[PDB]
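Novice: Have a peek at work19.cif (mmCIF, C-alpha atoms and all ligand atoms).
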```
data_model
loop_
_atom_site.label_atom_id
_atom_site.label_comp_id
_atom_site.auth_asym_id
_atom_site.auth_seq_id
_atom_site.Cartn_x
_atom_site.Cartn_y
_atom_site.Cartn_z
CA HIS N 1 115.86 160.96 78.70
CA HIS N 2 118.50 159.86 76.17
CA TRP N 3 121.85 158.12 75.72
CA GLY N 4 124.92 159.17 77.67
CA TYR N 5 127.75 157.72 79.73
CA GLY N 6 126.00 157.47 83.08
CA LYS N 7 125.02 154.38 85.06
CA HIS N 8 121.45 154.43 83.70
CA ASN N 9 122.04 155.54 80.09
CA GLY N 10 125.56 154.29 79.42
CA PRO N 11 127.03 152.14 76.58
CA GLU N 12 125.52 148.98 78.06
CA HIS N 13 122.04 150.47 77.47
CA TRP N 14 122.50 151.87 73.94
CA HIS N 15 121.32 148.69 72.20
CA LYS N 16 117.74 149.31 73.36
CA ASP N 17 117.44 152.48 71.26
CA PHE N 18 120.07 151.54 68.66
CA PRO N 19 119.95 147.79 67.82
CA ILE N 20 123.02 148.12 65.60
CA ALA N 21 125.01 148.38 68.85
CA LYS N 22 125.25 144.59 68.62
CA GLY N 23 126.17 144.67 64.93
CA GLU N 24 128.93 142.90 63.00
CA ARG N 25 131.40 145.78 62.64
CA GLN N 26 131.14 147.83 65.81
CA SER N 27 133.91 150.02 67.23
CA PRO N 28 136.06 150.45 69.19
CA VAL N 29 138.03 147.19 69.41
CA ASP N 30 141.17 145.95 71.11
CA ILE N 31 144.13 145.91 68.75
CA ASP N 32 146.10 142.68 69.25
CA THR N 33 149.50 143.64 67.83
CA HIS N 34 150.53 140.02 67.33
CA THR N 35 147.37 139.11 65.42
CA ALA N 36 147.36 142.17 63.15
CA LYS N 37 148.69 141.38 59.69
CA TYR N 38 151.27 143.49 57.90
CA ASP N 39 149.90 144.35 54.46
CA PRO N 40 152.62 145.30 51.92
CA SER N 41 149.97 146.73 49.60
CA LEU N 42 148.87 149.45 52.05
CA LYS N 43 149.98 152.88 50.85
CA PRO N 44 151.31 155.64 53.12
CA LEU N 45 148.71 158.04 54.50
CA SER N 46 148.46 161.37 52.71
CA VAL N 47 147.45 164.14 55.10
CA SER N 48 146.90 167.50 53.40
CA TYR N 49 145.87 169.99 56.10
CA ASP N 50 147.75 173.11 54.94
CA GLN N 51 144.56 174.89 53.84
CA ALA N 52 142.40 173.80 56.79
CA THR N 53 139.85 176.36 57.98
CA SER N 54 138.55 175.83 61.50
CA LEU N 55 135.33 177.65 62.29
CA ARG N 56 133.95 176.86 65.71
CA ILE N 57 134.17 174.71 68.82
CA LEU N 58 131.04 173.47 70.55
CA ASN N 59 130.05 171.43 73.57
CA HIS N 60 127.34 169.10 72.30
CA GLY N 61 126.91 167.14 75.52
CA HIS N 62 128.91 164.00 74.75
CA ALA N 63 132.18 165.80 73.96
CA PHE N 64 133.30 168.99 72.25
CA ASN N 65 133.82 169.28 68.51
CA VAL N 66 136.15 171.56 66.62
CA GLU N 67 134.40 172.15 63.31
CA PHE N 68 135.99 172.87 59.94
CA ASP N 69 134.75 174.29 56.65
CA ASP N 70 134.10 171.25 54.45
CA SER N 71 132.58 173.01 51.45
CA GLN N 72 135.75 172.44 49.40
CA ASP N 73 138.81 170.17 49.49
CA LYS N 74 140.73 172.35 51.96
CA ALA N 75 141.73 169.67 54.48
CA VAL N 76 141.73 166.13 53.11
CA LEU N 77 142.91 162.61 53.81
CA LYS N 78 143.91 160.25 50.99
CA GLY N 79 146.03 157.16 50.52
CA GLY N 80 146.35 154.41 53.07
CA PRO N 81 143.51 151.87 52.66
CA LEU N 82 141.27 154.61 51.25
CA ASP N 83 139.93 154.95 47.72
CA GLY N 84 139.15 158.57 46.99
CA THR N 85 139.24 161.86 48.86
CA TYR N 86 137.94 162.35 52.39
CA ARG N 87 137.29 165.85 53.77
CA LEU N 88 137.86 166.73 57.42
CA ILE N 89 134.62 167.93 59.04
CA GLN N 90 135.41 167.89 62.79
CA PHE N 91 137.66 166.46 65.49
CA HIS N 92 136.87 165.62 69.12
CA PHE N 93 138.31 163.63 72.02
CA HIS N 94 137.29 160.91 74.45
CA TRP N 95 138.92 160.93 77.90
CA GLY N 96 138.72 159.46 81.37
CA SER N 97 138.37 160.49 84.99
CA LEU N 98 141.87 159.12 85.68
CA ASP N 99 145.02 158.90 83.53
CA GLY N 100 144.72 155.11 83.40
CA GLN N 101 141.65 155.14 81.16
CA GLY N 102 140.01 157.28 78.51
CA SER N 103 140.84 155.85 75.09
CA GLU N 104 138.26 153.89 73.13
CA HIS N 105 140.60 151.60 71.22
CA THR N 106 143.17 149.68 73.25
CA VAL N 107 146.49 148.16 72.14
CA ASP N 108 147.07 144.73 73.65
CA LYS N 109 144.47 145.70 76.27
CA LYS N 110 146.46 148.83 77.14
CA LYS N 111 144.27 151.90 77.74
CA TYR N 112 145.51 155.43 77.04
CA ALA N 113 144.45 158.63 78.85
CA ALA N 114 142.48 159.89 75.86
CA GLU N 115 141.85 159.40 72.16
CA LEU N 116 141.58 162.04 69.45
CA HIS N 117 139.25 161.42 66.51
CA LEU N 118 139.62 163.37 63.26
CA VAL N 119 136.47 162.65 61.25
CA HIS N 120 136.49 162.80 57.44
CA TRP N 121 133.79 162.01 54.86
CA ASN N 122 134.07 160.59 51.33
CA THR N 123 133.47 163.42 48.85
CA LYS N 124 131.94 160.99 46.36
CA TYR N 125 128.77 161.17 48.47
CA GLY N 126 128.24 164.94 48.36
CA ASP N 127 127.67 165.55 52.06
CA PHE N 128 128.26 164.09 55.51
CA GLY N 129 124.63 163.02 55.88
CA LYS N 130 124.74 160.80 52.79
CA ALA N 131 128.22 159.51 53.63
CA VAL N 132 127.20 157.95 56.96
CA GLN N 133 124.76 155.71 55.09
CA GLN N 134 127.59 154.09 53.11
CA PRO N 135 130.01 151.33 54.17
CA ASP N 136 132.96 153.41 52.95
CA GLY N 137 131.47 156.78 53.83
CA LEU N 138 133.77 157.91 56.63
CA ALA N 139 137.45 157.68 57.54
CA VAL N 140 138.35 158.46 61.10
CA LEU N 141 141.98 159.00 62.08
CA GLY N 142 142.56 157.91 65.67
CA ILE N 143 145.40 159.19 67.81
CA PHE N 144 146.20 158.10 71.36
CA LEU N 145 147.17 160.57 74.08
CA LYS N 146 149.44 159.64 76.96
CA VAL N 147 150.29 161.83 79.94
CA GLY N 148 153.80 163.25 79.96
CA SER N 149 155.16 166.40 78.33
CA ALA N 150 152.75 169.16 77.28
CA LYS N 151 151.71 169.44 73.63
CA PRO N 152 152.07 173.11 72.56
CA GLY N 153 149.74 172.71 69.59
CA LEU N 154 146.90 171.63 71.88
CA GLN N 155 146.99 174.62 74.25
CA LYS N 156 144.77 176.84 72.10
CA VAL N 157 142.05 174.22 72.47
CA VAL N 158 142.42 173.87 76.23
CA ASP N 159 142.36 177.62 76.86
CA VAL N 160 138.91 178.09 75.28
CA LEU N 161 137.20 175.24 77.12
CA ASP N 162 136.10 177.65 79.86
CA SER N 163 133.88 179.44 77.33
CA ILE N 164 132.00 176.26 76.36
CA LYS N 165 131.72 174.59 79.77
CA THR N 166 128.10 173.47 79.40
CA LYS N 167 126.12 171.62 76.74
CA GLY N 168 124.93 173.82 73.88
CA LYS N 169 127.69 176.41 74.22
CA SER N 170 129.79 177.31 71.19
CA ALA N 171 132.57 179.79 70.47
CA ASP N 172 134.36 181.12 67.42
CA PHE N 173 137.50 179.07 66.86
CA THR N 174 139.35 180.23 63.77
CA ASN N 175 142.85 179.66 62.46
CA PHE N 176 143.53 176.45 64.36
CA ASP N 177 146.04 174.20 62.59
CA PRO N 178 145.29 170.50 63.17
CA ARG N 179 148.79 169.59 62.00
CA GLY N 180 149.98 170.45 65.49
CA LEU N 181 148.16 167.39 66.86
CA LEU N 182 149.91 164.77 64.72
CA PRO N 183 152.72 162.48 65.91
CA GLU N 184 156.03 162.23 64.04
CA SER N 185 155.28 158.86 62.43
CA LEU N 186 152.15 157.98 60.46
CA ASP N 187 152.39 154.18 60.77
CA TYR N 188 148.92 152.78 61.40
CA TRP N 189 146.50 149.96 61.88
CA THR N 190 143.27 149.86 59.96
CA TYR N 191 139.98 147.98 60.07
CA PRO N 192 136.33 148.37 59.06
CA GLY N 193 134.18 149.65 61.90
CA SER N 194 131.56 152.11 63.09
CA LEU N 195 130.91 155.36 64.81
CA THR N 196 131.52 154.94 68.52
CA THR N 197 128.54 157.04 69.59
CA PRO N 198 124.90 156.69 68.58
CA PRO N 199 123.68 156.26 65.80
CA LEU N 200 126.67 153.84 65.76
CA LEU N 201 126.46 153.46 61.96
CA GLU N 202 128.89 150.99 60.38
CA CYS N 203 130.28 153.41 57.82
CA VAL N 204 133.80 153.94 59.10
CA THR N 205 137.22 152.92 57.91
CA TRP N 206 139.34 153.28 61.00
CA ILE N 207 142.94 154.42 60.77
CA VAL N 208 144.59 154.22 64.19
CA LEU N 209 148.10 155.64 64.54
CA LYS N 210 150.71 153.55 66.33
CA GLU N 211 152.54 156.52 67.86
CA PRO N 212 150.71 158.34 70.65
CA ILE N 213 151.18 162.05 71.32
CA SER N 214 152.00 163.36 74.79
CA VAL N 215 149.94 165.92 76.70
CA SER N 216 150.56 167.25 80.20
CA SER N 217 148.57 166.38 83.30
CA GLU N 218 147.47 170.04 83.42
CA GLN N 219 146.13 169.91 79.86
CA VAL N 220 144.00 166.78 80.39
CA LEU N 221 142.83 168.17 83.72
CA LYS N 222 141.08 171.01 81.91
CA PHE N 223 139.18 168.51 79.73
CA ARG N 224 137.77 167.04 82.95
CA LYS N 225 136.31 170.40 83.97
CA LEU N 226 133.69 170.37 81.21
CA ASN N 227 130.04 169.49 81.94
CA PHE N 228 127.70 166.94 80.34
CA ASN N 229 124.85 169.17 81.53
CA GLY N 230 123.53 172.44 80.18
CA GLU N 231 123.78 175.74 82.04
CA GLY N 232 121.42 176.09 84.99
CA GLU N 233 121.33 172.35 85.58
CA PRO N 234 122.97 170.09 88.20
CA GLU N 235 126.68 169.83 87.44
CA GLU N 236 127.82 166.54 85.94
CA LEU N 237 131.52 166.48 85.02
CA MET N 238 132.27 165.36 81.47
CA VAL N 239 134.59 162.40 82.11
CA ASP N 240 134.79 158.82 80.87
CA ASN N 241 132.97 159.57 77.61
CA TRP N 242 134.37 156.42 76.02
CA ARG N 243 132.76 153.21 74.79
CA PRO N 244 134.36 149.87 75.81
CA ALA N 245 136.00 147.57 73.24
CA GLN N 246 133.54 145.54 71.15
CA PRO N 247 133.81 142.01 69.64
CA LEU N 248 136.09 141.87 66.59
CA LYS N 249 133.92 139.14 65.04
CA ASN N 250 134.60 138.42 61.36
CA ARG N 251 137.24 141.15 60.93
CA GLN N 252 140.98 141.42 60.40
CA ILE N 253 143.15 144.31 61.55
CA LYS N 254 145.87 145.27 59.08
CA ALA N 255 149.11 147.07 59.93
CA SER N 256 151.05 149.35 57.59
CA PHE N 257 154.30 148.42 59.35
CA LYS N 258 156.25 145.32 60.42
ZN ZN N 301 135.08 159.78 68.73
#
```
Starting from the file, lay out its structure as structure tokens.
Specialist:
Amino acid sequence: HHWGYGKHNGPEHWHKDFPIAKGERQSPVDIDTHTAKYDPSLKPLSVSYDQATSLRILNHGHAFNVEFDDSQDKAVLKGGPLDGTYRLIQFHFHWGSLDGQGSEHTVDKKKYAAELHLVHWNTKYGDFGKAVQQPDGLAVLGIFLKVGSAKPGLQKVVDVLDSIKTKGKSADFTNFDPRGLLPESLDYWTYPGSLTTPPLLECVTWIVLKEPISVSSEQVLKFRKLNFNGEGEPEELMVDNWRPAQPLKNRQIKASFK
């Protein structure tokens, strides 16, 4: 028995095992576009993914992660509201059972079909494990997905999902270029928050892109074929693995654009 997205172990129950669930800087949150403040001092994001080295893709039960080699500054994020260099360690998605829901963050209460999270850690801390214990330890780039035209750069990911259908399964996943998942514009909103899954640590500087990317109905459909369960167990479709918006509290959302 442990946390999940079901009726008996869902987000509403997490606070019992992880008290920080009711903390002061929890994520996700609803982004009120008319309350966000334009900050002229925010620098443009610097995404350097030309030397990225993907290694594997694994179904860990709550979603699937595409892992990268983070032993050197091969794929890093700098600039924006960040001070220092952040290395990409993995990316994963959150999606729904229907196209009308799936994203964690919302924009003026609007929900998207899914949300992509590219997780990076501050190299000043030596490793991911130490980074999550710091208020400026992680930087997660969030990208919304809407249903429309297919995204070519995402197809390699969707085609391998069959090989990691159940929890615990992993497969070699080399030479995947994450640059194919980025929108044209890098305008963003940023705020201090937390991880959206347990341990829910408040160590994240969120960078949410304004421009969503489009994926086809067929592509998102394949995400919904994954299982929360492990092989040999009752089938439970992996859908709606998103946490609802949390109280903004004493926080301000800044925008890099007018
Ligand atoms: Zn996530």
Novice: Please report, as a tab-separated table, each residue of chain N lying at most 9 Å from ligand ZN 301 (chain N), together with the nearest pair of atoms and the separation in Å rounded to one decimal; use all atoms listed in the file, and order rows by chain and ascending residue number.
Specialist:
```
residue	atom	partner	partner_atom	distance
N:63	CA	N:ZN301	ZN	8.5
N:91	CA	N:ZN301	ZN	7.9
N:92	CA	N:ZN301	ZN	6.1
N:93	CA	N:ZN301	ZN	6.0
N:94	CA	N:ZN301	ZN	6.2
N:104	CA	N:ZN301	ZN	8.0
N:115	CA	N:ZN301	ZN	7.6
N:116	CA	N:ZN301	ZN	6.9
N:117	CA	N:ZN301	ZN	5.0
N:118	CA	N:ZN301	ZN	8.0
N:119	CA	N:ZN301	ZN	8.1
N:140	CA	N:ZN301	ZN	8.4
N:142	CA	N:ZN301	ZN	8.3
N:195	CA	N:ZN301	ZN	7.2
N:196	CA	N:ZN301	ZN	6.0
N:197	CA	N:ZN301	ZN	7.1
N:242	CA	N:ZN301	ZN	8.1
```
Novice: From (147.2, 159.5, 86.6), in the file's coordinates, out to 10 Å: which residues are reached, counting all atoms listed in the file? Answer as a list in words.
Specialist: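 Counting all atoms listed in the file, I find these residues within 10 Å of (147.2, 159.5, 86.6): residues 96, 97, 98, 99, 100, 101, 113, 146, 147 and 217 of chain N.
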Novice: Closest to residue N:34 among N:218, N:108, N:12, N:67, using all atoms listed in the file?
Specialist: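 Of the candidates, the smallest distance to residue N:34 is held by N:108.
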Novice: Select, from N:14, N:206, N:257, N:49, the residue with the minimum atom-to-atom distance to residue N:82, counting only C-alpha atoms.
Specialist: N:206
Novice: Near residue N:47, within 7 Å and counting all atoms listed in the file, which residues show up once chain neighbours fewer than 2 positions away are dropped, as a ChimeraX atom specification?
Specialist: /N:45,49,76-78
Novice: Quote the spacing between atom CA of residue N:135 and atom CA of residue N:122 in Å to one decimal place.
Specialist: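 Computing it gives 10.5 Å between the two atoms.
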